[PDB]
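Reading through the structure tokens given below for one structure.
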Amino acid sequence: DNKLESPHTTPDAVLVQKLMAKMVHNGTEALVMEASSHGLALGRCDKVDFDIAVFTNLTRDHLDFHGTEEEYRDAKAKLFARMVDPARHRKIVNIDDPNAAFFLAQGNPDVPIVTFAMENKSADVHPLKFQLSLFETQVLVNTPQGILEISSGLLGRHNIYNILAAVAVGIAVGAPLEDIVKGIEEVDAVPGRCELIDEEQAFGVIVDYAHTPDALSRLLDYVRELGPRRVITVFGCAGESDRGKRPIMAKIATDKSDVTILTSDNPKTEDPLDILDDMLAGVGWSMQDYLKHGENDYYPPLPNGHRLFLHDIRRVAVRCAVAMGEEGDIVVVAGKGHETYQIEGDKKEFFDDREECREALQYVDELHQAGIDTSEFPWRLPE
Amino acid sequence: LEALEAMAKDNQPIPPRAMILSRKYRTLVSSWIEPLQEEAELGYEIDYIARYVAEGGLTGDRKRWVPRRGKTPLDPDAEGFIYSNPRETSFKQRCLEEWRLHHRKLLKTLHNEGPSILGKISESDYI
């Protein structure tokens, strides 16, 4: 259950094997080595006999590193074919992805193959239920091999696809659907990645990990499909990073969000209010214009009707975004997910977590009782 | 106009100081128009990312319009001027200003040195 601290995403293969042997000697019955596409292409999980090698989402991975598309999928297929057993390896993957079918075509054909696609009729899996919500999204899966009940996912399609892919692995061990109750409970536990709303009765808070433009865009689209009323987001850019990434990120954020807050997610020795101006230049605004408008009490909106806010410090802006939210609306924090490190300059501070959001959602009641207005960025302070 | 047409007669190219504002429409042919500090409609939407890539970014350094504390000219057009650039006024404002100043000096002249005129209907004319 415990996980050792590792700097890289994929540790050394020899060290991983030694840790797995030490665990299997005493304190663990099974040693499963799971690595991502980059870890599998590097050789971390490749040098290990994999009983079940399935892909959750097959697409162009490590295209800039490996230099060729479908390289990670081919490496995973080769690693699975190296150590393969009859009717023991699972090929559960979405049928819509062509890389998944290309990887399933390679290797030993005696291995069991199955599809977890919902729209495909050959996969026989389908949600067949309408219970999507920010707290829990239960589906009644009706498949011959898959379990009946499904796991409550925070996302509309991504979490549903993950639950459908995990249902196959859960049913492979046990045909009874009662054994998947623990897996469904663990999936609804709101992990670090694509976290769900808090259990407390308050506005929805979704902590996500979105840094690349495409992932940020797809997460924003999924939130728009899930967000009933408003889409409130707050994020920032890292210093000495891709300079062209900031304007496209700001544009993709402002295109579909009504109100967005721009902060400094990772200063890392880079001057503040500089990359913030870079993000502001995406919507055509300059920090000078917003500052000279801030002396007034108007704050004109965007031409498309949306609104844009910004602040230097991360804590106060995040607390305001958590407080500036409607009942049916949900607040999305795509700046950082499972990460708990904020490097402001040379020193780093570990002051980024969900406990701050919980404290803000608890104290917003006292704020409203005091009479403070948190509708927009210029809080109307009484006298 | 006179200052411009006096240049090609002497065979003098335009100096490289054709400074454009943050809104990429400022030139010697833009300030005198009636809309000031306003982008012009060019059909398709403004390619903000393309403008960002063309003007700078992704390499070197970009002119960041961020206020600072040091007494340094922020706008790149106030580099040579001692104090600051002159007040921005369109051609209509300057024309009405010169017209009202002309009428003001006319009335100032007629007040003191203009009590008598050729017209002998002053009782109804001066009022």
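Order-wise, the sequence lines are chains H and C.
Read in order, the letters of the first sequence are residues 1078 to 1460 in my numbering.
Read in order, the letters of the second sequence are residues 3 to 129 in my numbering.
We treat Cβ as the ideally placed atom computed from N, Cα and C, and that holds for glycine.
Sub-8 Å separation of residue i and residue j beta-carbons
| i | j | result |
| --- | --- | --- |
| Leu1385 of chain H | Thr1310 of chain H | no |
| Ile1172 of chain H | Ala1200 of chain H | yes |
| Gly1359 of chain H | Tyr50 of chain C | yes |
| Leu1438 of chain H | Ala1279 of chain H | yes |
| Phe1132 of chain H | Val1170 of chain H | yes |
| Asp1450 of chain H | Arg1307 of chain H | no |
| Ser1210 of chain H | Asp1265 of chain H | no |
| residue 1479 of chain H | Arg1431 of chain H | This structure does not reach residue 1479 of chain H, given that chain H is present from 1078 up to 1460, and the question cannot be answered. |
| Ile1237 of chain H | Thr1214 of chain H | yes |
| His1383 of chain H | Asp1335 of chain H | yes |
| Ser24 of chain C | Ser1363 of chain H | yes |
| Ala1411 of chain H | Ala1315 of chain H | no |
| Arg1301 of chain H | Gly1414 of chain H | no |
| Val1244 of chain H | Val1218 of chain H | yes |
| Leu1096 of chain H | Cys1122 of chain H | no |
| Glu100 of chain C | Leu38 of chain C | no |
| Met1401 of chain H | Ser1452 of chain H | yes |
| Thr1346 of chain H | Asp1423 of chain H | yes |
| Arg53 of chain C | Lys26 of chain C | yes |
| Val1202 of chain H | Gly1184 of chain H | no |
Proximity winner among the options, relative to residue i (alpha-carbon distances)
| i | options | result |
| --- | --- | --- |
| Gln1419 of chain H | H:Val1360, H:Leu1297, H:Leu1241, H:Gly1313 | H:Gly1313 |
| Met1356 of chain H | H:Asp1162, H:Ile1325, H:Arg1435, H:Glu1347 | H:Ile1325 |
| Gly1321 of chain H | C:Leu60, C:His105, C:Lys73 | C:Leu60 |
| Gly1116 of chain H | H:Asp1089, H:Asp1348, H:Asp1429 | H:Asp1089 |
| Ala1098 of chain H | H:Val1125, H:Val1410, H:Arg1295, H:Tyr1286 | H:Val1125 |
| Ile1352 of chain H | H:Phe1212, H:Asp1366, H:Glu1317 | H:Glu1317 |
| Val1250 of chain H | H:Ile1274, H:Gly1223, H:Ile1240 | H:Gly1223 |
| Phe1454 of chain H | H:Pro1163, H:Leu1156, H:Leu1339, H:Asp1366 | H:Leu1339 |
| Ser92 of chain C | C:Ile16, C:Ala20, C:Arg28 | C:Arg28 |
| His1143 of chain H | H:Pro1290, H:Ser1341, H:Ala1118, H:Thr1289 | H:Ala1118 |
| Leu1379 of chain H | H:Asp1342, H:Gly1422, H:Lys1333 | H:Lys1333 |
| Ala1177 of chain H | H:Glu1263, H:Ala1130, H:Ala1292 | H:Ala1130 |
| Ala1252 of chain H | H:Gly1402, H:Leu1225, H:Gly1184 | H:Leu1225 |
| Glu1421 of chain H | H:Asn1134, H:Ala1182, H:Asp1348, H:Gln1183 | H:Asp1348 |
| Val1191 of chain H | H:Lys1168, H:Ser1083, H:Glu1426 | H:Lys1168 |
| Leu1232 of chain H | H:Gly1260, H:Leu1273, H:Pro1204 | H:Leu1273 |
| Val1441 of chain H | H:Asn1197, H:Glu1404, H:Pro1084, H:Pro1175 | H:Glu1404 |
| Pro18 of chain C | C:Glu4, C:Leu120, C:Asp12, C:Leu30 | C:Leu30 |
| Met1110 of chain H | H:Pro1204, H:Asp1162, H:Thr1087 | H:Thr1087 |
Inter-residue Cα distance where the pair is residue i and residue j
| i | j | result |
| --- | --- | --- |
| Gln1208 of chain H | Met1195 of chain H | 16 Å |
| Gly1120 of chain H | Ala1154 of chain H | 13 Å |
| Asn1079 of chain H | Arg1457 of chain H | 48 Å |
| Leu1444 of chain H | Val1408 of chain H | 18 Å |
| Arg1391 of chain H | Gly82 of chain C | 39 Å |
| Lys94 of chain C | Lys65 of chain C | 32 Å |
| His1166 of chain H | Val68 of chain C | 58 Å |
| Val1282 of chain H | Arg1396 of chain H | 11 Å |
| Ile1329 of chain H | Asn1381 of chain H | 13 Å |
| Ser1113 of chain H | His1139 of chain H | 11 Å |
| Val1393 of chain H | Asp1128 of chain H | 49 Å |
| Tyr1367 of chain H | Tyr1376 of chain H | 8 Å |
| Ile1257 of chain H | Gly1247 of chain H | 6 Å |
| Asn114 of chain C | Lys107 of chain C | 11 Å |
| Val1267 of chain H | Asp1319 of chain H | 31 Å |
| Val1101 of chain H | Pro1186 of chain H | 31 Å |
| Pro78 of chain C | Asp1429 of chain H | 39 Å |
| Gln1094 of chain H | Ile1261 of chain H | 30 Å |
| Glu1147 of chain H | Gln1446 of chain H | 57 Å |
| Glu1255 of chain H | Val1216 of chain H | 15 Å |
| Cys97 of chain C | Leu1297 of chain H | 52 Å |
| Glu1426 of chain H | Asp1275 of chain H | 24 Å |
| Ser126 of chain C | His104 of chain C | 23 Å |
| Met21 of chain C | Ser32 of chain C | 12 Å |
Residue i - partner residues in DSSP beta bridges
| i | result |
| --- | --- |
| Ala1315 of chain H | H:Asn1343 |
| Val1360 of chain H | None, per the DSSP bridge assignment. |
| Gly1281 of chain H | H:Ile1407 |
| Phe1386 of chain H | H:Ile1338 |
| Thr1310 of chain H | H:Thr1337, H:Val1409 |
| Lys1424 of chain H | H:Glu1421 |
| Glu1226 of chain H | H:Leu1217 |
| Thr1192 of chain H | H:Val1170 |
Whole-angstrom C-beta distance between residue j and residue i, which should lie under 8 Å
| i | j | result |
| --- | --- | --- |
| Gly1361 of chain H | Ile48 of chain C | 6 Å |
| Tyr1149 of chain H | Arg1234 of chain H | Not quite, the Cβ-Cβ distance comes to about 22 Å (not below 8 Å), so this is no contact. |
| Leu1241 of chain H | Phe1179 of chain H | Not really, about 20 Å apart at Cβ, beyond 8 Å. |
| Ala1164 of chain H | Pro1189 of chain H | 5 Å |
| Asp1174 of chain H | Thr1136 of chain H | 6 Å |
Distance cut-off 7 Å: residue i Cβ against heavy atoms of the ligand PLP
| i | result |
| --- | --- |
| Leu1181 of chain H | Absent from the structure shown: the ligand PLP. Ligands present: none. |
Amino acids of chain A, ordered along the chain, whose beta-carbon sits closer than 7 Å to that of residue i
| i | result |
| --- | --- |
| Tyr54 of chain C | Considering every chain present, this structure includes no chain A. Its protein chains are H and C. |
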